[PDB]
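The chain below stands alone, shown as C-alpha cells; this is the form deposited in one PDB entry.
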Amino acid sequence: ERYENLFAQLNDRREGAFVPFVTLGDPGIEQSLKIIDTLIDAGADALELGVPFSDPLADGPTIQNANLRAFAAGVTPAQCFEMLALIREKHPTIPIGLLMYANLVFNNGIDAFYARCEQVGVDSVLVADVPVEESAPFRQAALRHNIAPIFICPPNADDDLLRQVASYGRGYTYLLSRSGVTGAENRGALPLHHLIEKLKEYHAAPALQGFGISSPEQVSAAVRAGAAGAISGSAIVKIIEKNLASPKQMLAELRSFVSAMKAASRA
C-alpha cells in the first residue's frame, strides 16, 4: 500500500521517485541509522536496503565492500531486522524494500522470513538470485504477508517475461539498465522506453530504473522515458566509502547528493 500511495502522490505532483540503496549496518549500526535518516531528510521517496550477505553475486565491488564493512562491524540479519523495525517506527509512510539473496530468505523458512518482514513493516522484497522461473514460493509467501515481490525486467526481456513480471509483481517493477552487476562505473547503454510502454500496457507495477544511475541527468532521463523513478546504490555507497574517516562530511555529502538527485525527479 505504501508504494501505491507514494506513486499516486508523486503522480499528482508530476514527480519521479528517487530511491537510494545502502547496505544495512555499513559502516556500523549507529552510523547506518544516521545515514538512512539523512537520505530520507534530503528527499529519498523510498529506500532499498541490503542485508549483509557472504556471497552477493549480483553486486559489483562498491557494494561487495559495503557488505564487507558491515561484516567487519559484526552486523547480523537479526540486527538488521531490529534496525528495520526502528526505521519504520520513525517513518510511517516511506516504502522500505529489501535487497536479499535467496539463502537468507530460505535459511529459517521462507514463510517465517516474510512474516518477520511484515512484523517490522517492510514493504517489498527483491531476491536477487531468484529469477521468475523459481519465484513461486517467494512471491506466495510475500503476498501472504502483505509484502510486494519485486521482479526484474532485463533489457532483453521477451513478451512472455514482460507478461509474467507484470502479472506476478507488486509495488514496483525493477527496470534493469543493463547486463552485469551493480556499479556506478558502468552506465546503461540502451533506450528502455519500449519496455516501459509494454509494462504499462500489461498493468505492471510502476517501473523504477536501476543499475549504474549516478547522475541527475539519468534520473531526469528515467522520468522522461516514462519510468516512475530511479534507484541509485553504488553512487550513494561510494560516498560512505570515501568518508569513513569523517561521519560529519559523509552525512553532508550524502545530503547534497540525494538532494540533487531528488531535484532531478521533477518532471
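Just count from 1 along the sequence shown to find any residue number. Take the two forms, superpose them, and find the largest set of C-alpha atoms that agree within 1.5 Å; that set is the rigid core.
In all of the other compared structures of this protein with flanking residues present, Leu98 is modelled, so it falls below the one-third mark for missing coordinates.
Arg178, present in the displayed chain, goes without coordinates in a third or more of the other PDB entries compared that cover both sides of it.
Taking the mean C-alpha B-factor of each stretch as recorded, 117-125 and 181-189 are not equal, and the higher mean is that of 181-189. Looking at mean Cα B-factors across 155-163 and 136-144, the upper value is held by 155-163.
Among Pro131, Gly97, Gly74, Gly171, the highest C-alpha B-factor in the deposited entry belongs to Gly74. Ranked against the other modelled residues of its chain, the C-alpha B-factor of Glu30 as given in the entry falls in the highest third. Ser259: CA B factor lies in the middle third for its chain, per the PDB record. The PDB entry assigns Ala204 a C-alpha temperature factor belonging to the highest third of its chain's modelled residues. The PDB entry assigns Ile240 a C-alpha temperature factor belonging to the highest third of its chain's modelled residues. When the modelled residues of the chain are ordered by their C-alpha B factor, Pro92 lands in the highest third.
The protein also exists as the form deposited in another entry; that form is not presented, and the subsequent description refers to it.
In the overlay on the core between this form and the one not shown, a shift of 2 Å or more in CA position is seen for a single residue of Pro56, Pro206, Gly210, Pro27, which is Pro56. Here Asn108 does not count as shifted, since its C-alpha moves by less than 2 Å between this form and the one not shown after the core is aligned.
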